[PDB]
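A lone chain, given as structure tokens: the form deposited in one PDB entry.
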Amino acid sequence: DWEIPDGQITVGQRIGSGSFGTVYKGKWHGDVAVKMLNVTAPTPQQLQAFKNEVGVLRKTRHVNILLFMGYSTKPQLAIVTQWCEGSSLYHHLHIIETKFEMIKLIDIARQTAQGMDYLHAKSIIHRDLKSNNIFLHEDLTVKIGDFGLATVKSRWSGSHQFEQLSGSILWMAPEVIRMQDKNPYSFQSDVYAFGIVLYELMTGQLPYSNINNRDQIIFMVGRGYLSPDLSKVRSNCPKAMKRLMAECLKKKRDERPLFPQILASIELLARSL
């Protein structure tokens, strides 16, 4: 029973909403992050699968992984995770426009693959990897959050959680876009999302900067007609890095490398520099 009762979580300021919940800064033996899930009335079949997934997300302790502190069901079903200071990677690259060195950029890619390699080593599919879910704790260590939680995403019928498509489309793999597999989310779907995150670091832009139509991106990427313009990689980026990015962005998922190979690549060009 990883459940937190009522009156224990001092819910405070409203921060914002995402693909499957709304986050508040809470207090619980220190600052925490309380995400009020979008599934307000869970089914008792949905509720037991959610408790089962919390048990797996609970036993995960890694330096590049945001701590999962459990859940609560008293006012409404919610999630309590560690509160981290500073801004997310999305804020740094696209809002604050923080100017890192090339060494620091590669280091961010290393710790991200390092944390992702731990999640896949424990057979956990992130399903929502993006720069919004990557925080720079004290501007040093990378922390990945919002991982897993496949049951609180995609509402239930009564007992048939069909994986439904929600999240940000810029990081979704083509096989994820189509949802014509019914288990499209895989290790390589997270690897593809990691490839889009590499595109963020190496270009300073979001993919498809010349396309301002949401449904046009959904259709053309799912059809294989659209792909991130790799020309936008800045001049000072390593050639060994640009090739690794293109391997994660392969249209067919079986061609994408896994994180044991990706992390080994990054550390290789990390040394020789």
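Start at 1 and count along the sequence shown; that's the residue number. Throughout, rigid core stands for the largest set of C-alpha atoms superposing within 1.5 Å between the two forms.
The same protein also exists as the form deposited in another entry; that form is not shown, yet it is the one meant from here on.
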- Note on the structure: The residue to pick from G195, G148, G145, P174, given a Cα shift of 2 Å or more between the shown form and the other one after core fitting, is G148
- Comparing between the shown form and the other one on the rigid core: C-alpha of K51 shifted by 2 Å or more? yes
- Query: Can a Cα shift of no less than 2 Å be assigned to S227 between the shown form and the other one, given superposition on the rigid core?
  - Reply: no
- Core-superposed C-alpha of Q205 shifting 2 Å or more between the shown form and the other one: no
- Closer or farther in the other form, the Cα atoms of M172 and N38, when the shift from this form is 3 Å or more: farther
- Message: Assuming the CA distance changes by 3 angstroms or more, are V152 and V63 closer together or farther apart in the other form compared with the shown structure?
- Response: closer
